[PDB]
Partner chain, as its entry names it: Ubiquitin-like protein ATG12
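So this first bit is one chain, no partners, the form solved without its partner chain, shown in structure tokens.
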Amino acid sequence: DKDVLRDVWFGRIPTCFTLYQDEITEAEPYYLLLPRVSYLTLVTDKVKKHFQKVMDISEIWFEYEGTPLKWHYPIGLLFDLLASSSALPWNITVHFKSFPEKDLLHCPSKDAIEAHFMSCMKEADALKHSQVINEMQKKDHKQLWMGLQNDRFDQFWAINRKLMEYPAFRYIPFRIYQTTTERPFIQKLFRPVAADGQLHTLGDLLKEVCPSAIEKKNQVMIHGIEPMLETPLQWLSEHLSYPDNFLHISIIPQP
């Protein structure tokens, strides 16, 4: 189903970067389409280029509705978990001072993201794979990053298909994020096939892991859609997984 892979990779989020009232300076908002699959770090440079004309120091951090955004979460998940309900565009407020100690350190360094991004893959592979990432050379690793950094679907997915094929997955890499839960997210072990070999379902995953989804009717959103629970769990892990081989699933309220 190469059709789904392309639709997910080329998904964008309209975002309006506004500068906070306290920031020193006439600054006009910056409009930018964010790749749902990428991270705020990669898009941060263009925000620095625009607002740098008006400025102080460039230790930037973004907030949405007053809660800073996490550099480690994909842009897609963050919008899904926090902003999906409100109208477009994604209204982000840019800050250059008052840096918070609760948020992650200053915007991570290009490799620090590549490192974090590959850690999510090696971990992911460990849940689904023996091992494959250990087989392929360190030459291919730069292809997976370059493909994501430069948004080259072909360059990225040529290598990533090996990570999605299983001999005739042991576990499904997933992280369930809840807006109002003490923990950051819920990650556990789950198999794509039951004791009788039947394909597992999205509803089965939640039933075993996050049963609290089913007064205060929740919304299971992935990549900005509500996929009906009948969906086989494997096909999601093969197609609707983020570039880091992980299924980030959001539990959201309803209007």
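Shifts are known only where both forms have a C-alpha. If you superpose the two forms and keep the largest set of C-alpha atoms that fall within 1.5 Å, you have the rigid core. Residue numbers count along the first chain shown, from 1.
J.: In at least a third of the other entries we lined up, does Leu240 end up with no coordinates?
T.: It is not, since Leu240 is included in all of the other entries that model both flanking stretches.
J.: At a threshold of one third of the other compared entries, does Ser58 come out as unmodelled?
T.: It is, since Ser58 is left out of at least a third of the other entries that model both flanking stretches.
J.: Scan the PDB entry between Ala87 and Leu88 and report the missing deposited residues as one of none, 1 to 3, 4 to 9, 10 or more.
T.: The entry has no gap there; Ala87 and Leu88 are joined directly.
J.: Going by the PDB record, how many residues of the deposited sequence fall between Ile214 and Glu215 without any coordinates: none, 1 to 3, 4 to 9, or 10 or more?
T.: Unresolved stretch here: 4 to 9 residues.
J.: Quick one: say whether 106-114 or 90-98 has the higher mean Cα B-factor in the deposited entry.
T.: Result of the comparison: 106-114.
J.: Comparing 76-84 with 115-123, which stretch shows the greater average C-alpha B-factor in the deposited entry?
T.: Per the deposited B-factors, the answer is 115-123.
J.: In terms of recorded Cα temperature factor, pick the maximum from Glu65, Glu226, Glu28, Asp196.
T.: That would be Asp196.
J.: Looking at the temperature factor on the CA atom of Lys53, which third of the chain's modelled residues does it land in?
T.: According to the entry, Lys53 has a C-alpha B-factor in the chain's highest third.
J.: According to the PDB entry, is the CA B factor of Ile24 in the bottom, middle or top third of its chain, that is, lowest, middle or highest?
T.: Its C-alpha B-factor belongs to the highest third of this chain's values.
J.: Thinking about Cα B factors across the chain, which third does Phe156 belong to?
T.: Highest third of the chain for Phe156's C-alpha B-factor.
J.: By its CA B factor, does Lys70 count among the lowest, middle or highest third of the modelled residues in the chain?
T.: It belongs to the lowest third of the chain when residues are ordered by C-alpha B-factor.
J.: If you rank every modelled residue in this chain by C-alpha B factor, which third holds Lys207: lowest, middle or highest?
T.: CA B-factor rank for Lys207: highest third.
Another form, the form solved in complex with its partner chain, is not on view; read the next lines as being about it.
J.: Please tell me which of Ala158, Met164, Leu82, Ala126 lies within 4.5 Å of its partner chain in the bound PDB entry, judged by heavy atoms.
T.: Looking at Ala158, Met164, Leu82, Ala126 one by one, just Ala126 meets the 4.5 Å heavy-atom criterion.
J.: Though its partner chain is not shown, can you say which of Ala194, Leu189, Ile57, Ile214 has a heavy atom within 4.5 Å of it in the bound PDB entry?
T.: Answer to the contact question: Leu189.
J.: Taking its partner chain as it sits in the bound PDB entry, is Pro184 near enough to touch it, meaning that at least one heavy atom pair lies within 4.5 angstroms?
T.: Output for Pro184 is yes: heavy atoms within 4.5 Å of its partner chain.
J.: Would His95 show up as a contact with its partner chain in the bound PDB entry if we use heavy atoms at 4.5 Å?
T.: No, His95 is distant from the partner.
J.: Though only this chain appears here, would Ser109 touch its partner chain in the bound PDB entry if you measure heavy atom gaps against 4.5 Å?
T.: Result no; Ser109 lies far from its partner chain in the bound PDB entry.
J.: Are any of the heavy atoms in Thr179 no more than 4.5 Å from a heavy atom of its partner chain in the bound PDB entry?
T.: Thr179: no contact with its partner chain in the bound PDB entry.
J.: Quick one: name the residues from 116-152 with any non-hydrogen atom within 4.5 angstroms of its partner chain in the bound PDB entry.
T.: Sequence-ordered list: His116, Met118, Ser119, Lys122, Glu123, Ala126, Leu127, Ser130, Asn134.
J.: Picking from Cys107, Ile92, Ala124, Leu148, which residue has its CA shift by 2 Å or more between the shown form and the other one, once the rigid core of the two forms is superposed?
T.: Going through each option, the one that shifts is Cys107.
J.: Between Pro108 and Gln187, do the C-alpha atoms lie closer or farther in the bound PDB entry than in the shown form, with a difference of 3 angstroms or more?
T.: Farther, not closer.
J.: Would one find the Cα atoms of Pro108 and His239 closer or farther in the bound PDB entry than in this form, where their distance changes by 3 Å or more?
T.: Farther is correct, given that in the bound PDB entry the C-alpha spacing of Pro108 to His239 is increased by at least 3 Å.
J.: For residues common to both forms, which consecutive runs of 3 or more show C-alpha displacement of 2 Å or more between the shown form and the other one upon rigid core superposition, listed in sequence order?
T.: Flagged stretch (3+ res, CA at least 2 Å): just 103-108.
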